[PDB]
Structure formats: structure tokens, C-alpha cells
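Here is the file final35.csv (CSV, C-alpha atoms and all ligand atoms).
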chain,number,residue,atom,x,y,z
A,694,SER,CA,0.0,0.0,0.0
A,695,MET,CA,0.8,3.7,-0.2
A,696,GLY,CA,0.3,5.2,3.3
A,697,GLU,CA,-0.8,3.1,6.3
A,698,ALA,CA,-0.5,-0.7,6.3
A,699,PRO,CA,-3.7,-2.7,5.8
A,700,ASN,CA,-5.7,-3.4,9.0
A,701,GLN,CA,-6.2,-7.2,9.0
A,702,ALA,CA,-8.0,-7.4,12.4
A,703,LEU,CA,-10.9,-9.8,12.7
A,704,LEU,CA,-14.3,-8.3,13.7
A,705,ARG,CA,-16.0,-11.4,15.2
A,706,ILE,CA,-19.8,-11.3,15.3
A,707,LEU,CA,-21.4,-13.1,18.2
A,708,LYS,CA,-24.9,-14.5,18.6
A,709,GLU,CA,-27.3,-13.2,21.4
A,710,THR,CA,-27.8,-16.8,22.4
A,711,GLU,CA,-24.1,-17.4,23.1
A,712,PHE,CA,-23.9,-15.1,26.2
A,713,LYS,CA,-25.8,-14.5,29.5
A,714,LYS,CA,-26.2,-11.1,31.2
A,715,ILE,CA,-25.8,-11.5,35.0
A,716,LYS,CA,-26.0,-7.9,36.4
A,717,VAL,CA,-25.5,-4.2,35.7
A,718,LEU,CA,-21.9,-3.0,36.5
A,719,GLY,CA,-22.4,0.7,35.8
A,720,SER,CA,-24.2,3.6,34.0
A,721,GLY,CA,-22.9,7.0,32.9
A,722,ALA,CA,-21.7,9.1,29.9
A,723,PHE,CA,-19.5,6.2,28.6
A,724,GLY,CA,-22.8,4.1,28.3
A,725,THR,CA,-24.2,1.1,30.2
A,726,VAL,CA,-22.0,-1.9,31.1
A,727,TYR,CA,-23.3,-5.3,32.2
A,728,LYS,CA,-21.4,-8.3,33.8
A,729,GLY,CA,-21.9,-11.4,31.7
A,730,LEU,CA,-20.6,-14.8,30.5
A,731,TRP,CA,-19.8,-15.7,26.9
A,732,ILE,CA,-20.1,-19.4,26.0
A,733,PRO,CA,-18.9,-20.1,22.4
A,734,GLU,CA,-21.4,-22.7,21.1
A,735,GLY,CA,-19.1,-25.6,20.2
A,736,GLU,CA,-16.4,-25.2,22.9
A,737,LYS,CA,-16.1,-26.2,26.5
A,738,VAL,CA,-15.3,-22.6,27.5
A,739,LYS,CA,-17.0,-19.9,29.6
A,740,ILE,CA,-15.6,-16.3,29.3
A,741,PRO,CA,-16.3,-13.5,31.8
A,742,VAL,CA,-17.3,-10.5,29.8
A,743,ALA,CA,-18.3,-6.8,30.0
A,744,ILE,CA,-21.2,-6.1,27.6
A,745,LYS,CA,-21.4,-2.4,26.7
A,746,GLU,CA,-24.8,-0.9,25.5
A,747,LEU,CA,-25.8,2.6,24.7
A,748,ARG,CA,-27.5,4.7,27.3
A,751,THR,CA,-31.0,3.6,19.4
A,752,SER,CA,-30.2,6.1,16.6
A,753,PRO,CA,-27.9,6.5,13.6
A,754,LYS,CA,-25.5,8.9,15.5
A,755,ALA,CA,-25.2,6.5,18.4
A,756,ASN,CA,-24.6,3.5,16.1
A,757,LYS,CA,-21.9,5.2,14.0
A,758,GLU,CA,-20.0,6.4,17.1
A,759,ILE,CA,-20.1,3.1,19.0
A,760,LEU,CA,-19.0,1.2,15.8
A,761,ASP,CA,-16.0,3.5,15.4
A,762,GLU,CA,-15.0,2.6,19.0
A,763,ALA,CA,-15.4,-1.1,18.1
A,764,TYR,CA,-13.2,-0.7,15.0
A,765,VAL,CA,-10.4,0.7,17.2
A,766,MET,CA,-10.8,-1.9,20.0
A,767,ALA,CA,-10.9,-4.8,17.5
A,768,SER,CA,-7.7,-3.4,16.0
A,769,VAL,CA,-5.6,-3.5,19.2
A,770,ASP,CA,-3.7,-6.4,20.8
A,771,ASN,CA,-1.5,-5.8,23.8
A,772,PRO,CA,-1.4,-7.1,27.5
A,773,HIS,CA,-2.0,-3.6,28.9
A,774,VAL,CA,-4.8,-2.6,26.4
A,775,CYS,CA,-8.5,-3.8,26.6
A,776,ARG,CA,-9.3,-5.8,23.4
A,777,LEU,CA,-12.8,-6.3,21.9
A,778,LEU,CA,-13.9,-9.9,21.8
A,779,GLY,CA,-16.7,-9.2,19.4
A,780,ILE,CA,-20.0,-7.4,18.6
A,781,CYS,CA,-23.6,-8.5,18.7
A,782,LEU,CA,-26.2,-7.1,16.2
A,783,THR,CA,-29.5,-7.0,18.0
A,784,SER,CA,-31.8,-3.9,17.9
A,785,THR,CA,-29.1,-2.2,20.1
A,786,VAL,CA,-25.5,-2.8,19.0
A,787,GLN,CA,-23.6,-4.4,21.9
A,788,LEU,CA,-19.8,-4.4,22.3
A,789,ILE,CA,-18.6,-7.6,24.1
A,790,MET,CA,-15.3,-7.0,26.0
A,791,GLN,CA,-13.1,-8.8,28.5
A,792,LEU,CA,-14.4,-8.5,32.1
A,793,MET,CA,-12.2,-6.3,34.3
A,794,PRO,CA,-13.6,-7.5,37.7
A,795,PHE,CA,-12.0,-4.9,40.0
A,796,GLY,CA,-13.4,-1.9,37.9
A,797,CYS,CA,-11.6,1.2,37.0
A,798,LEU,CA,-8.4,2.2,38.6
A,799,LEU,CA,-9.6,5.7,39.8
A,800,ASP,CA,-12.4,4.0,41.9
A,801,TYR,CA,-9.9,1.3,43.0
A,802,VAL,CA,-7.3,3.8,44.5
A,803,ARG,CA,-10.1,5.7,46.3
A,804,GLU,CA,-11.6,2.6,47.9
A,805,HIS,CA,-8.3,0.9,48.8
A,806,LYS,CA,-6.2,3.9,49.8
A,807,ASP,CA,-5.0,2.4,53.1
A,808,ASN,CA,-3.7,-0.9,51.4
A,809,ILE,CA,-2.0,0.5,48.2
A,810,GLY,CA,1.8,0.5,48.4
A,811,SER,CA,4.5,2.1,46.4
A,812,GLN,CA,5.2,-1.1,44.5
A,813,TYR,CA,1.7,-1.2,43.1
A,814,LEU,CA,1.5,2.5,42.2
A,815,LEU,CA,4.9,2.4,40.3
A,816,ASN,CA,4.0,-0.9,38.6
A,817,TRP,CA,0.8,0.6,37.4
A,818,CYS,CA,2.7,3.6,35.9
A,819,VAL,CA,4.9,1.2,34.0
A,820,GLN,CA,2.0,-0.8,32.7
A,821,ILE,CA,0.1,2.3,31.5
A,822,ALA,CA,3.2,3.6,29.8
A,823,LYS,CA,3.6,0.2,28.0
A,824,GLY,CA,-0.1,0.3,26.9
A,825,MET,CA,0.3,3.9,25.6
A,826,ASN,CA,3.7,3.1,23.9
A,827,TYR,CA,1.9,0.2,22.1
A,828,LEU,CA,-0.8,2.6,20.9
A,829,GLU,CA,2.0,4.9,19.7
A,830,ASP,CA,3.4,2.0,17.7
A,831,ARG,CA,0.0,1.5,16.1
A,832,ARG,CA,0.0,5.3,15.3
A,833,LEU,CA,-3.0,5.7,17.6
A,834,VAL,CA,-3.6,8.8,19.8
A,835,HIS,CA,-5.9,7.8,22.7
A,836,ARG,CA,-7.2,11.4,23.3
A,837,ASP,CA,-8.9,10.5,26.7
A,838,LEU,CA,-6.2,8.9,29.0
A,839,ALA,CA,-7.3,9.2,32.6
A,840,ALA,CA,-7.4,7.0,35.7
A,841,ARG,CA,-11.2,6.4,35.1
A,842,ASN,CA,-10.2,4.9,31.7
A,843,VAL,CA,-7.6,2.5,33.1
A,844,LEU,CA,-9.2,-0.8,34.3
A,845,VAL,CA,-8.1,-3.4,36.8
A,846,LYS,CA,-8.1,-7.1,35.7
A,847,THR,CA,-6.2,-8.0,38.9
A,848,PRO,CA,-4.6,-5.6,41.4
A,849,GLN,CA,-1.3,-6.6,39.7
A,850,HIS,CA,-2.5,-6.2,36.1
A,851,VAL,CA,-4.1,-3.0,34.6
A,852,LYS,CA,-5.2,-2.1,31.1
A,853,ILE,CA,-6.2,1.0,29.1
A,854,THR,CA,-9.8,1.3,27.9
A,855,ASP,CA,-12.3,3.7,26.3
A,856,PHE,CA,-11.4,4.3,22.6
A,857,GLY,CA,-14.5,6.5,22.0
A,858,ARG,CA,-12.2,9.4,21.1
A,859,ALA,CA,-9.2,7.5,19.8
A,860,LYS,CA,-7.8,8.6,16.4
A,861,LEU,CA,-4.8,8.2,14.0
A,862,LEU,CA,-1.9,10.7,14.1
A,875,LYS,CA,-18.2,18.2,26.9
A,876,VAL,CA,-14.4,17.4,26.7
A,877,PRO,CA,-11.9,16.5,29.4
A,878,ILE,CA,-10.2,19.9,29.7
A,879,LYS,CA,-8.3,19.1,32.9
A,880,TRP,CA,-6.5,16.1,31.3
A,881,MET,CA,-5.7,17.8,28.0
A,882,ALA,CA,-2.5,19.5,27.0
A,883,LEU,CA,-2.5,23.3,26.5
A,884,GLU,CA,-2.2,23.1,22.6
A,885,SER,CA,-5.2,20.6,22.6
A,886,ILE,CA,-7.3,23.1,24.6
A,887,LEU,CA,-6.2,26.2,22.6
A,888,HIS,CA,-5.8,24.7,19.1
A,889,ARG,CA,-7.4,21.2,19.0
A,890,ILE,CA,-4.0,19.7,18.3
A,891,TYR,CA,-3.6,16.1,19.5
A,892,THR,CA,-0.4,14.0,19.3
A,893,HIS,CA,1.2,11.1,21.2
A,894,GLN,CA,2.9,13.9,23.2
A,895,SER,CA,-0.5,15.3,24.1
A,896,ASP,CA,-1.3,11.8,25.5
A,897,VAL,CA,1.9,12.1,27.6
A,898,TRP,CA,0.5,15.3,29.2
A,899,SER,CA,-2.6,13.2,30.1
A,900,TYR,CA,-0.4,10.4,31.3
A,901,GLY,CA,1.2,12.9,33.7
A,902,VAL,CA,-2.3,13.9,35.0
A,903,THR,CA,-3.2,10.2,35.3
A,904,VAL,CA,-0.1,9.5,37.5
A,905,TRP,CA,-1.0,12.6,39.6
A,906,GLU,CA,-4.5,11.0,40.1
A,907,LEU,CA,-2.9,7.7,41.3
A,908,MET,CA,-0.2,9.3,43.5
A,909,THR,CA,-2.9,11.5,45.3
A,910,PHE,CA,-5.2,8.3,45.6
A,911,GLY,CA,-7.8,9.6,43.2
A,912,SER,CA,-8.0,13.3,43.9
A,913,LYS,CA,-9.8,15.5,41.4
A,914,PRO,CA,-7.3,17.6,39.5
A,915,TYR,CA,-7.8,21.4,39.8
A,916,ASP,CA,-10.6,20.8,42.3
A,917,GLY,CA,-12.9,23.8,42.5
A,918,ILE,CA,-11.3,25.6,39.5
A,919,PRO,CA,-13.8,25.6,36.6
A,920,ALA,CA,-12.8,24.2,33.1
A,921,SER,CA,-12.8,27.7,31.5
A,922,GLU,CA,-10.0,28.9,33.9
A,923,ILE,CA,-7.6,26.0,33.0
A,924,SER,CA,-5.9,27.3,29.8
A,925,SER,CA,-5.0,30.7,31.2
A,926,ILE,CA,-3.9,29.0,34.5
A,927,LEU,CA,-1.5,26.7,32.4
A,928,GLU,CA,-0.4,29.7,30.2
A,929,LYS,CA,0.7,31.5,33.4
A,930,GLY,CA,2.7,28.4,34.4
A,931,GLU,CA,0.7,26.9,37.3
A,932,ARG,CA,0.7,23.1,37.4
A,933,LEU,CA,-0.8,20.4,39.6
A,934,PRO,CA,1.0,20.4,43.0
A,935,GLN,CA,3.5,17.8,44.4
A,936,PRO,CA,1.6,14.9,46.1
A,937,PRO,CA,2.6,14.2,49.7
A,938,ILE,CA,3.9,10.7,48.9
A,939,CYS,CA,5.9,11.9,45.9
A,940,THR,CA,9.6,12.3,46.0
A,941,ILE,CA,11.1,15.0,43.7
A,942,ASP,CA,12.2,12.2,41.3
A,943,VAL,CA,8.6,11.1,40.6
A,944,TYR,CA,7.2,14.7,40.6
A,945,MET,CA,9.8,15.9,38.1
A,946,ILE,CA,8.6,13.2,35.6
A,947,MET,CA,5.0,14.5,36.0
A,948,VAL,CA,6.3,18.1,35.5
A,949,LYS,CA,8.2,17.0,32.4
A,950,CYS,CA,4.9,15.7,30.9
A,951,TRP,CA,3.4,19.2,31.4
A,952,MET,CA,5.9,21.2,29.4
A,953,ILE,CA,4.7,23.9,26.9
A,954,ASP,CA,7.1,22.4,24.3
A,955,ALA,CA,5.5,19.0,23.3
A,956,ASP,CA,8.8,17.5,22.1
A,957,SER,CA,10.6,18.4,25.3
A,958,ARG,CA,8.2,16.1,27.1
A,959,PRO,CA,9.2,12.4,27.6
A,960,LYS,CA,8.3,9.7,25.2
A,961,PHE,CA,6.3,6.7,26.6
A,962,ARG,CA,9.4,4.4,26.0
A,963,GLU,CA,11.4,6.6,28.4
A,964,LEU,CA,8.6,6.6,30.9
A,965,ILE,CA,8.6,2.8,30.8
A,966,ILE,CA,12.3,2.9,31.5
A,967,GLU,CA,12.2,5.5,34.3
A,968,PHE,CA,9.3,4.0,36.2
A,969,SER,CA,10.6,0.4,35.9
A,970,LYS,CA,14.0,1.6,37.4
A,971,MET,CA,12.0,3.2,40.2
A,972,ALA,CA,9.8,0.1,40.6
A,973,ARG,CA,13.0,-2.0,41.5
A,974,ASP,CA,13.4,0.2,44.7
A,975,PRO,CA,9.9,1.6,45.4
A,976,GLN,CA,10.4,3.1,48.9
A,977,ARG,CA,13.2,5.3,47.5
A,978,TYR,CA,10.7,7.1,45.2
A,979,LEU,CA,7.4,7.0,47.0
A,980,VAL,CA,7.1,7.6,50.8
A,981,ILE,CA,3.9,6.0,52.2
A,982,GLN,CA,3.1,5.4,55.9
A,983,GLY,CA,3.2,1.7,56.7
A,984,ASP,CA,4.2,0.6,53.2
A,985,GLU,CA,5.6,-2.8,54.3
A,986,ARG,CA,2.5,-4.5,55.9
A,987,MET,CA,0.1,-3.9,52.9
A,988,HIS,CA,-1.4,-6.7,50.8
A,989,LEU,CA,-4.0,-6.5,48.0
A,990,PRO,CA,-5.9,-9.6,46.6
A,991,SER,CA,-4.1,-12.2,44.4
A,992,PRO,CA,-5.4,-15.2,42.2
A,1004,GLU,CA,-22.4,-18.3,42.3
A,1005,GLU,CA,-21.5,-20.2,39.0
A,1006,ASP,CA,-20.2,-23.5,37.8
A,1007,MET,CA,-16.7,-22.2,37.5
A,1008,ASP,CA,-14.9,-25.4,36.1
A,1009,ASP,CA,-14.7,-24.4,32.4
A,1010,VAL,CA,-14.1,-20.6,33.1
A,1011,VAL,CA,-11.3,-19.1,31.0
A,1012,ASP,CA,-10.1,-15.5,31.0
A,1013,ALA,CA,-10.3,-13.8,27.6
A,1014,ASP,CA,-6.5,-13.3,27.5
A,1015,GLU,CA,-6.0,-17.1,27.5
A,1016,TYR,CA,-8.8,-17.5,24.8
A,1017,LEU,CA,-6.8,-16.8,21.6
A,1018,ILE,CA,-8.4,-16.8,18.1
A,1019,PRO,CA,-6.3,-18.7,15.4
A,1101,LIG,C1,-17.9,2.0,34.6
A,1101,LIG,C2,-17.5,1.0,35.8
A,1101,LIG,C3,-18.7,0.8,36.7
A,1101,LIG,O1,-16.4,1.6,36.5
A,1101,LIG,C4,-17.0,-0.3,35.1
A,1101,LIG,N1,-16.8,-1.6,35.7
A,1101,LIG,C5,-16.2,-2.6,34.9
A,1101,LIG,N2,-15.9,-2.5,33.6
A,1101,LIG,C6,-15.4,-3.4,32.7
A,1101,LIG,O2,-15.1,-4.5,33.1
A,1101,LIG,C7,-15.0,-3.0,31.3
A,1101,LIG,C8,-14.2,-3.8,30.5
A,1101,LIG,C9,-13.8,-3.4,29.2
A,1101,LIG,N3,-14.1,-2.2,28.8
A,1101,LIG,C10,-14.8,-1.3,29.5
A,1101,LIG,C11,-15.1,0.1,28.9
A,1101,LIG,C12,-14.9,0.3,27.6
A,1101,LIG,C13,-15.1,1.6,27.1
A,1101,LIG,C14,-15.6,2.6,27.9
A,1101,LIG,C15,-15.8,2.4,29.2
A,1101,LIG,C16,-15.6,1.1,29.8
A,1101,LIG,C17,-15.3,-1.7,30.8
A,1101,LIG,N4,-16.1,-3.8,35.6
A,1101,LIG,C18,-16.6,-3.6,36.8
A,1101,LIG,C19,-16.7,-4.5,37.9
A,1101,LIG,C20,-17.2,-4.0,39.1
A,1101,LIG,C21,-17.6,-2.7,39.3
A,1101,LIG,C22,-17.5,-1.8,38.2
A,1101,LIG,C23,-17.0,-2.2,37.0

Turn the structure described in the file into C-alpha cells.
Ligand SMILES: CC(C)(O)Cn1c(NC(=O)c2ccnc(-c3ccccc3)c2)nc2ccccc21
Amino acid sequence: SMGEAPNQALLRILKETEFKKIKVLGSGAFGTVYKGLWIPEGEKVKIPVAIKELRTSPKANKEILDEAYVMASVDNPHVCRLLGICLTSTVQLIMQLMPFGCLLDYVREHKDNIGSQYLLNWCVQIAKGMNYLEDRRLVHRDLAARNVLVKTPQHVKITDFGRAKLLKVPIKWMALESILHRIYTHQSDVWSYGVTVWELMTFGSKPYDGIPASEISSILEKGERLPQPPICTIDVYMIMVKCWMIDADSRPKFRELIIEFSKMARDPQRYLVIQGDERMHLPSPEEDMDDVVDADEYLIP
């Protein structure tokens, strides 16, 4: 070809009869998400799934199918992949179940059991997910802690490709040039990565809390950034500050962020100071659960 390489991803279409809905997991601007089980007809397999549904019209269907295109196209351990779609009256996106929910809600609810090792490992895993999207020439355009999900406390993945593109908006996560000039690059995703880290290191504090969205661009033009979280050493805070430069190229690349956070993750208590960091433990690995298989172990030929 002359331009981008051909996208040879498989869009799998699933029957309504192949999966059960168990309960509702959430409802908001993103849509409505149900817990379910996907049982492929001719296989001794049960797959825990999230089933997304909109909150029916041509506008809704076009926009949700664009998201399905992008999700079906990605394949990385730190990115949520689409398992398939279902063509009932309402188009349903069938995704891998992330049992522990989004990372923002997780850090809020488990603040008193989250250690430096978990926080820094999460930063590494998000950076890998984003670096992969950069390899696929994809700008996420909505990276935040709410859009990172938790498969296990050890394993997180990036989600929500409803604004993802090739190379009411979230003003407080966006780079300055995105707010002013609608310019979006992988480096604008780095700014958002910085804000995402700040969310985690503050245990899910709202950025610029009280300051309205219209004040943000002039605040950033003057040079005011998000403050240093109590637990953050200058080493970690410097990296956030580097993500928030005016010059987009002067910000770090995701590959460098993988490197720096993985160096720090080898000696976590040198880079994050948390009271009682040693004694903390988070969980580690009704229904007939015998033939249950996680989607990550269910690979299509
Ligand atoms: C929105 C909410 C309530 O925080 C999501 N929530 C989930 N969510 C997924 O398992 C999932 C998987 C894959 N993708 C998504 C997606 C995709 C696009 C845009 C938003 C969410 C979502 N699992 C939960 C388990 C317990 C409690 C809450 C859970």
C-alpha cells in the first residue's frame, strides 16, 4: 500500500444466544456496562465479559461502531481488546471483564492498602499500553485514571477508545495546545499520562478541584501546574512536571517513561514515601466455574 498498512484485524460477530447477562456494573456518559458470561457454542469454554450498551439512533450506532473498530484493531497485554460485537436492535460491544473496575475508583476505595510497588508498577503498565498505541500510530485522546481498568490488582489495562484517532471534553486532562488549538499527538497523550499519574499518587484526587474548566488554559499559560503529592519524592514529581511542558517535544516519550518508572519500581520506597508501606497486601489469584477461561487465554487462530 501507499500510506498506512492494511488493518487485517478480525471483527468477530457473536450470537445473542451465546452469552448471558448476569447484572449491571455501571451507567454513565460512557454508556451502560453489564457483567456477563460468553459461552462459544461448540467449545467447553466460559468467558467472563463486560457487555457495553448505549445509554437507538444513527448517530449512536456510528460512534459506537467507530469505537469497536479501534478496540478490535488493538492487541497488547495492557490494552483492553474487543472480543466481538452483537447485532441486536441495540448494538452491543462484548469486551473482557475487568472484575475490579476502573483504577480511579480502586485507588479511592483501597487507599489504606496501596503500596509504592503497586503504584509504580501501574505507571509502568500504563506507559507500555500507551507506547503500544503509539506503535500502532493511535492517539488515545482520553487517557485518565477512570479509563484504566483493573483485571487484577497486579494487572491494569487502558480502555475507552470512544475518542481514539490516528496521528463536553476532558479539559483538565488535556495538553495546552489541545485546549487552545485542538492539536492532538502522542505527546498530548503524555500530558494526560502525567495527570493520570498525579491522580494515582494522590489516591484519586480530582485535578484542579474547584477551579472551573474555562479557567484552566490561562492558568496553564501563566505556568501553574498540579502540586506535588505528599507521597511523591522530587524524582517522581519531576517526571509529571516534564509531561506538562509547553514544548511538546521536550516532554518524555512513553518508552522513556517505561524505563524510568521500571527503574524506580525496583526500589519503590526510594521514590514514594507512604506510611506503613511494608505491611500492605492486595488480593491475588455463584456459578459452575470449572470451564471458566479468561479472555487473555482465549486466543483466536
Ligand atoms: C464503569 C465501571 C462501573 O467503573 C466499570 N466496571 C467494569 N468495567 C469493565 O469490566 C470494562 C471492560 C472493558 N471495557 C470497559 C469500557 C470500555 C469503554 C468505555 C468504558 C468502559 C469496561 N467492571 C466492573 C466491575 C465491578 C464494578 C465496576 C466495573

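Computed from the coordinates, the atom CA of residue A:830 to atom CA of residue A:777 distance equals 18.7 Å.
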
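Interatomic distance, atom CA of residue A:836 against atom CA of residue A:854: 11.4 Å.
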
* Determine, counting all atoms listed in the file, which protein, DNA and RNA residues have an atom within 12 Å of an atom of residue A:916; residues of the same chain fewer than 5 positions away are not included. Present the result as JSON, numbers by chain. => {"A": [879, 906, 911, 922, 923, 933, 934]}

* Selection as a VMD selection string: residues within 6 Å of ligand LIG 1101 (chain A) by all atoms listed in the file -> chain A and resid 718 to 719 723 743 775 790 to 797 854 to 855

* To do: Tell me which protein, DNA and RNA residues are within 12 Å of residue A:807, counting all atoms listed in the file, leaving out same-chain ones fewer than 6 positions away, and put them as a ChimeraX atom specification.
  => /A:801,910,981-989

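Going from atom CA of residue A:1018 over to atom CA of residue A:742, you cover 16.0 Å.
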
* Asked: Nearest to residue A:928: which of A:882, A:973, A:915, A:766 is it, counting all atoms listed in the file?
  -> A:882

* With a distance cut-off of 8 Å and all atoms listed in the file, select the neighbouring residues of residue A:706, excluding the residue or stretch itself and same-chain residues fewer than 4 positions from it, and output the selection as number ranges by chain. => A: 779-782

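If you count all atoms listed in the file and ignore residues fewer than 2 places along the chain from residue A:857, what sits within 8 Å of it is residues 758, 759, 761, 762, 855 and 859 of chain A.
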
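You can rank A:1017, A:1005, A:808, A:935 by their closest distance to residue A:730 using only C-alpha atoms, and at the top of that list sits A:1005.
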
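The shortest atom-to-atom distance to residue A:783, with all atoms listed in the file taken into account, belongs to A:756 out of A:825, A:947, A:727, A:756.
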
* Which of A:938, A:818, A:840, A:908 sits closest to residue A:970 [using only C-alpha atoms] -> A:818

* **Counting all atoms listed in the file, the residue of A:737, A:958, A:893, A:860 that sits nearest residue A:1010** => A:737

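Each of A:1013, A:953, A:897, A:815 was checked against residue A:732 using only C-alpha atoms; the smallest atom-to-atom distance is that of A:1013.
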
* **Spatial neighbours of residue A:885, 12 Å, only C-alpha atoms, chain gap at least 4 places, as number ranges by chain** => A: 836-837, 876-881, 889-896, 898-899, 923-924, 953, 955
